[PDB]
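Residues per chain are reported as follows:
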Amino acid sequence: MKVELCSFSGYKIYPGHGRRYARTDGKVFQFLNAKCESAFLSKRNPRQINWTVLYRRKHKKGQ
Amino acid sequence: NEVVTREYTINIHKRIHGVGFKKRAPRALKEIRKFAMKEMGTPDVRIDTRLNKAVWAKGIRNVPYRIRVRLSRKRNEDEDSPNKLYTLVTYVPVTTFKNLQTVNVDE
Amino acid sequence: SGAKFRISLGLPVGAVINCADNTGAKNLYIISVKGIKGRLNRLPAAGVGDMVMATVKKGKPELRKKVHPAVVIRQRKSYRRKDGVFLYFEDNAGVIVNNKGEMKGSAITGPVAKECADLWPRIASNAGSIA
Amino acid sequence: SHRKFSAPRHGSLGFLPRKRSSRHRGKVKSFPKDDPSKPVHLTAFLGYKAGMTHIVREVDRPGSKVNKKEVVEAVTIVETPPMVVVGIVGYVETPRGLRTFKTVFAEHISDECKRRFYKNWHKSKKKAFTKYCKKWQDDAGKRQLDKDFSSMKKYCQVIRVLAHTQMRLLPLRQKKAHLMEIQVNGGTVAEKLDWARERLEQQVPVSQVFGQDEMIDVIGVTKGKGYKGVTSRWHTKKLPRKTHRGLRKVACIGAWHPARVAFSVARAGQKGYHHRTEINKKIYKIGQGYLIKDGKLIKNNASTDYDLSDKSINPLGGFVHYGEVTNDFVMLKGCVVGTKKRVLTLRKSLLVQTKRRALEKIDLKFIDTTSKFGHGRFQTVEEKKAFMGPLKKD
RNA sequence: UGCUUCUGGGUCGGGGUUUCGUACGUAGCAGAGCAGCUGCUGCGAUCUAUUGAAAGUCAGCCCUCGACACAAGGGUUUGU
RNA sequence: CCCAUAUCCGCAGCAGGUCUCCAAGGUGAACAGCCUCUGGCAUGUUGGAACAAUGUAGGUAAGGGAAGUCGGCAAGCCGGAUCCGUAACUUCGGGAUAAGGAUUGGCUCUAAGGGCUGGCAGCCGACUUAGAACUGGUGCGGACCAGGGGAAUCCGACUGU
Ligand SMILES: [Mg+2]
Ligand SMILES: [Mg+2]
Ligand SMILES: [Mg+2]
Ligand SMILES: [Mg+2]
Ligand SMILES: [Mg+2]
Ligand SMILES: [Mg+2]
Ligand SMILES: [Mg+2]
Ligand SMILES: [Mg+2]
Ligand SMILES: [Mg+2]
Ligand SMILES: [Mg+2]
Ligand SMILES: [Mg+2]
Ligand SMILES: [Mg+2]
Ligand SMILES: [Mg+2]
Ligand SMILES: [Mg+2]
Ligand SMILES: [Mg+2]
């Protein structure tokens, strides 16, 4: 089975983890856990959450 | 070597885990006294009023997680008591608890 | 030939779900579920791919005050697939059909569960996407 | 009058009394029926419940919706370090049932096994089997032994071996070994004894008892849950909120006549810690333990033909509330009874396994080793470090 | 279930894991503006770096064998 | 001297009853609730160890949402304030906080609203209202305090007993 990536945090989801979300507009999201799912559903921007892949890429933390 | 002094860190957090709010700090005083018998094997444990003050410094339920204490086994001066020795427990303020071993203190 | 596996049932009798077809109904009110033998005190319940009996509460006046066969195509209650995936939809949706599973309408809005899609070829052909 | 609307009764009257098991170690109530034509083999084994994980595999079920497709399946990891055979016991069939006939123990018995014979090892002088062991050193005693073995050949019909676990290799606090009789099914009675006599004091790896894809039964004691009410113990309907004097009760515990409470009515009492036997638990993998080969520790007992990572079954942080599985393990599909650390009796099937599910061959594509102490999201520490990057600790 | 094989568990420490979400202090010519002196100096929620940081983490998580002491004990009974 | 969760009446040191005076700071419309100073107390006729069932009093629950029940009983939703908006009917007073929306933090500023002295000048000031920028993970009446609503039928006008 192929690995996904959390639609909020950027962490990769191995088989048997998280939840897959499907909106009425057709877009499908995957969430590593409920911590990531809650932030996404509360309309939080991952770029502003310090521990996400999108934040660290925007701030060059790894680089 | 009956008269001896050592400095300990007591993990109060794990001693009072799961205890009710109105009994958390009363029970820490009990777990400190119980700790003293185990380490020094003396029924007569005497907890200093500063250590009692430190343990209650944050109220009845948010007790400090770790506390550094000094145990000093001393000779019971009164011959009326059945106990020849007692243990005195004093507070040792520490800016940090990291890497603190159990230390022998020599006066 | 291949049989659908059990999934969590999220729509007990008495649930009002959206109507995801162009018939005219705006929602579907579940009054029973096909294939439910049940037991004492337990409400019949439905999941994606289940045919149900429902009434239209909001919609065309000609569609109301009567019982329609409907199939659930989306549900908000997450259900496990045999590949270990827990999937759930933003809303609960159904489509009116007849006994034979042919859609009373001609188009669907929103995605359709793969569980319901594989079970109803007439419904699948009208689905914009499959989830 | 008759009850208005029908309903099946709650619970099974077949598992009564709902009491605390009198034994901690699962007891094999029935060993498989002996087939003399089969070669000599053992029929049971003792394992410990390490904990659960989940795997990925490709199912081969023609006509299924999951044929040639991947599926995630839960598994239980049962640590099964090799057992040590210490004694042989023979039985005689009588018109009153099997009667224990003769018991012969090995010359050497380790301290893990001798602990079993004591309620306090600390206060004991460790005198168990001290005078007996001399029967193996002197000729007269030896001549008496092979007379005992010959009598077991003449008269006995069921041969069992006394195998105990090796607790020193397990991560648990307990040092007292678990000692059980295992029946020796297989050839004639003479063949059973020679095979067993050879194995006195020897070790039996689990792989010699069970094999890949085998359907076995797990016998153990469920997780104790203490005093429980009828609602939790018997799963009866909860009474309305307006009920006076409590609602987690059975309202009518009987009719006026018979003027007694019947044995078939739900009551409050013990829940859990019940002896149970569960059948048809497939073996998904028999894993080899850690081996020091050529000065390097081999521990990749969780790699598969598709996941070449050098990782062991142990999840990050170890098995929660158990420890580290460094011995041979059995990966069983689904769940089994007991808490972590619970000793489980593995037994061979009493049935004939002719079903596509029973005969299906397992080919694991992936074994999950993420932490179970939270929501672990990394399979290995190397995978974690490569993703995270250097930290302030370094 | 454990209670001397330089061995045993215990306590502290450390490491692993994991939860939250980036510590105090310090610097900033980042900061909507405002006050004072002739660009500088003050007030300023907030922001950035230090800093996936700080803090907790078995009390019923996992591994140590670094520190410290303790452990060869006590009571009541039992005989073909 | 007590004057009342122990000096009075209730068989008692009884969660009941029993007439009054004085009355601080903060928040806030407030003698509300919440915290605090002066003053007072030792948890209400016992303690210790556990944390089973069943209770009593509080909470939280995925998906559904009264399918429960005689009956929405119980709980829950709403709730402050500012700006907007508001029907039938009506005895024209009401209905009405009808119904229905938006807003609310912190911080830095701007504008208006006065007295005293000798269309101007100087000195004093007390809280308000309104607007703007910036700002935080959209959190902001952050605790406390704090109306669910609508359409109808019966009866009794209402307030009161
Ligand atoms: Mg019913
Ligand atoms: Mg009948
Ligand atoms: Mg009642
Ligand atoms: Mg877990
Ligand atoms: Mg009280
Ligand atoms: Mg008292
Ligand atoms: Mg009193
Ligand atoms: Mg009382
Ligand atoms: Mg709910
Ligand atoms: Mg919900
Ligand atoms: Mg009804
Ligand atoms: Mg009914
Ligand atoms: Mg009510
Ligand atoms: Mg009205
Ligand atoms: Mg009236």
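In the block above lies the structure referred to throughout.
1. With respect to a nonpolar patch on the surface
Residues and elements named next belong to chain D.
Right, so step 1: A cluster of nonpolar side chains, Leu-13, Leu-16 and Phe-263, forms an exposed patch at the surface whose accessible area comes to about 280 Å².
Right, so step 2: With respect to the secondary-structure elements, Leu-13 resides in the segment before β1 (41–42).
Right, so step 3: Its relative accessible area of 32% is what places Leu-13 among the partly exposed residues.

2. A closer look at the protein's contact with RNA strand E
Right, so step 1: As a structural note, the neighbourhood of RNA strand E is formed by 52 residues, with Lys14(B), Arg115(D), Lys175(D), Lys384(D) and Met388(D) the closest of them.
Right, so step 2: When atoms of RNA strand E within 4 Å of the protein are split into backbone and base, the sugar-phosphate part holds 70%.
Right, so step 3: The separation between a base nitrogen of RNA strand E and a polar side-chain atom of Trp51(A) is 3.5 Å.
Right, so step 4: Taking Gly317(D), its main chain carries an N or O atom lying 3.2 Å from a sugar or linking oxygen of RNA strand E.
Right, so step 5: Going through the elements one at a time, β1 (4–11), α1 (12–15) and α2 (24–40) of chain B together with α6 (381–388) of chain D are the ones with two or more residues in the surface near RNA strand E.
Right, so step 6: Looking at the surface near RNA strand E residue by residue, the class counts come to ten nonpolar, 21 polar and 21 charged.

3. So, the packing of aromatic side chains
Centre distance and the angle of the planes are the two values used to describe a pair of aromatic rings.
Right, so step 1: Under the counting rule described, the total for this entry stands at 16 aromatic pairs over all chains.
Right, so step 2: Here the aromatic rings of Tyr14(A) and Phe366(D) are separated by 6.0 Å at their centres, their planes lie at 10°, and the arrangement is stacked. Here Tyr14(A), found in the loop between β2 (12–13) and β3 (19–22), pairs with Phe366(D), found in strand β17 (residues 364–367), and the two come from separate chains.
Right, so step 3: Classification of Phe366(D) by relative accessible area gives buried; the value is 13%.
Right, so step 4: Among the aromatic residues, those joined into a ring-pair cluster are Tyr21(A), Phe29(A), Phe31(A), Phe40(A) and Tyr88(C).
Right, so step 5: Geometry around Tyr86(B) places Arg46(B) over its ring, the cationic atom sitting 3.7 Å from the centre.
Right, so step 6: Across the ring face of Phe149(D), the terminal group of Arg197(D) is positioned such that the distance to the ring centre comes to 4.2 Å.

4. Description of the protein's contact with RNA strand F
Right, so step 1: Looking at RNA strand F, there are 26 residues lining it, with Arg44(A), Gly10(C), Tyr227(D), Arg241(D) and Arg248(D) nearest.
Right, so step 2: Among atoms of RNA strand F positioned within 4 Å of the protein, sugar and phosphate together represent 78%.
Right, so step 3: With respect to RNA strand F, the side chain of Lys77(C) contributes an N or O atom lying 3.1 Å from a base nitrogen.
Right, so step 4: For RNA strand F, a sugar or linking oxygen lies 3.3 Å from a polar atom in the backbone of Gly229(D).

5. Some remarks on the nonpolar core
Right, so step 1: Formed by 73 residues in total, the largest nonpolar core has its most connected members in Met331(D) and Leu332(D).
Right, so step 2: With seven residues, strand β4 (residues 83–94) of chain D is the largest single contributor of residues to this core.
Right, so step 3: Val33(C), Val48(C), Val52(C) and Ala113(C) belong to the second largest nonpolar core, which has 25 residues in total.

6. A look at the side chain of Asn76(B)
Residues and elements named next belong to chain B.
Right, so step 1: By the secondary structure assignment, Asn-76 is in the loop between β3 (66–75) and β4 (85–91).
Right, so step 2: Taking the relative accessible area as the measure of exposure, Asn-76 reaches 10% and is therefore buried.
Right, so step 3: Polar contacts involving the side chain of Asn-76 include one to the main-chain carbonyl oxygen of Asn-83, which spans 2.8 Å.

7. Here's the deal with a negative patch on the surface
Residues and elements named next belong to chain B.
Right, so step 1: On the surface, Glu-77, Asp-78, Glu-79 and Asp-80 cluster together into a negatively charged patch.
Right, so step 2: Relative to the helices and strands, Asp-80 is located in the loop between β3 and β4.
Right, so step 3: Given the relative accessible area of 73%, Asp-80 is considered exposed.

8. Considering the state of the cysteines
Right, so step 1: Scanning all chains against the criterion turns up zero disulfides over all chains.
Right, so step 2: The thiol sulfur of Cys6(A) is not disulfide-bonded, and the nearest other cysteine sulfur, from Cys36(A), lies at 3.9 Å.

9. Digging into the layout of surface pockets
Right, so step 1: Space inside the largest pocket adds up to approximately 830 Å³.
Right, so step 2: If you trace the largest pocket, you find 24 residues lining it, with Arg3(D), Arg9(D), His10(D), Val250(D) and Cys252(D) closest to the centre.
Right, so step 3: Tallied by class, the residues present in the lining of the largest pocket amount to eleven nonpolar, six polar and seven charged.
Right, so step 4: When its volume is computed, the second largest pocket comes out at roughly 440 Å³.
Right, so step 5: Forming the boundary of the second largest pocket are 18 residues, of which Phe5(C), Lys114(C), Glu115(C), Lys65(D) and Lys69(D) lie nearest the centre.
Right, so step 6: Mapped by element, the contributors of at least two residues to the lining of the second largest pocket are α1 (114–119) of chain C together with β3 (70–79) of chain D.
Right, so step 7: No other element matches α1(C), which puts four residues into the lining of the second largest pocket.

Cut-offs used in this document
Residues numbered from 1 in each chain as written, not as in the entry; some residues may be left out. Chains lettered and ligands numbered in written order. Part of a larger assembly, values for the part shown. Heavy atoms only, no water. Patch = residues over 30% accessible without salt bridge, like charges linked within 9 Å, V, L, I, M, F, W, Y side chains within 5 Å. Areas by Shrake-Rupley, 256 points an atom, 1.4 Å probe, with all protein chains shown as cover. Salt bridge = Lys/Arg side-chain N within 4 Å of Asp/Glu carboxyl O. Helix = DSSP H or I, 4+ residues; strand = E, 2+ residues; numbered from the N terminus. Buried < 20%, exposed > 50% of the residue type's maximum accessible area, 1.4 Å probe, protein only. Near = heavy atom within 4 Å. Polar contact = N/O pair within 3.5 Å; in protein donor to acceptor, adjacent residues only side chain to side chain. Nonpolar A, V, L, I, M, F, W, Y, C, P; charged D, E, K, R; others polar. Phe/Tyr/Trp six-rings, centres within 6.5 Å; stacked < 30°, edge-to-face > 60°. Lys NZ or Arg CZ within 6 Å of the ring centre and 35° of its normal. Core = buried A, V, L, I, M, F, W, Y, C linked by side-chain atoms within 4.5 Å. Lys, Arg positive; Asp, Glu negative; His and termini not counted. Charge placed at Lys NZ, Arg CZ, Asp CG, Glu CD. Disulfide = S-S within 2.5 Å. 1 Å grid on protein atoms, 1.4 Å probe; cavity = no way out; pocket = protein on both sides within 12 Å on 5 of 7 lines; lining within 4 Å. Points joined across faces, edges and corners; volume = space filled by probe spheres on them.

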